[PDB]
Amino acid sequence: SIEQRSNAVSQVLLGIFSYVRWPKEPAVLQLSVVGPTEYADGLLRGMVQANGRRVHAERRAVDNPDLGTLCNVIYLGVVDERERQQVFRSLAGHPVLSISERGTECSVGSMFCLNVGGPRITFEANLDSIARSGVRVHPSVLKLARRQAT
């Protein structure tokens, strides 16, 4: 179910966001959806965190010069290797939480890679990506992933 899966992506991202701190905590969280996605339409309708802070999401192009300054979160869809490199070159030196819709690898790029197949949405975390991200991630974020897989 696309509807079920899209809402689950929303809930998992809200869970992940709750363990992330931005160096300047914005009044609204701005999310960029980049590249082809199947499960982002829940994000794109907007979300709200437990304390009432909104998450406002918009689609933006891979080659948008201002990706790194225009968002606090990026949700990355289907990108080839050159497009991915372009995206993260834009994010470099900016505090940006990155999540990819597909987790077929999680080797370079996004901090978190979703696996949106099967029973429950799980994810992997790349600690090297987290290290270059500019935001702070509490290790309890992995409880979520652990429990979803189990």
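Position 1 is the first residue in the sequence shown; the rest follow in order.
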query: Mean C-alpha B-factor comparison - 63-71 and 29-37, higher one; finding: 63-71
query: Average Cα temperature factor in the PDB entry - higher stretch of 100-108, 87-95; finding: 100-108
query: Residue 118 - which third its CA temperature factor falls in, relative to the rest of the chain; finding: highest
query: Third of the chain's Cα B-factor distribution that residue 148 belongs to, per the entry; finding: middle
query: Position of residue 15 among the chain's modelled residues by C-alpha B-factor, lowest, middle or highest third; finding: lowest
query: Chain-relative CA temperature factor third for residue 58; finding: lowest
query: Residue 76 by Cα B-factor - lowest, middle or highest third of the modelled chain; finding: lowest
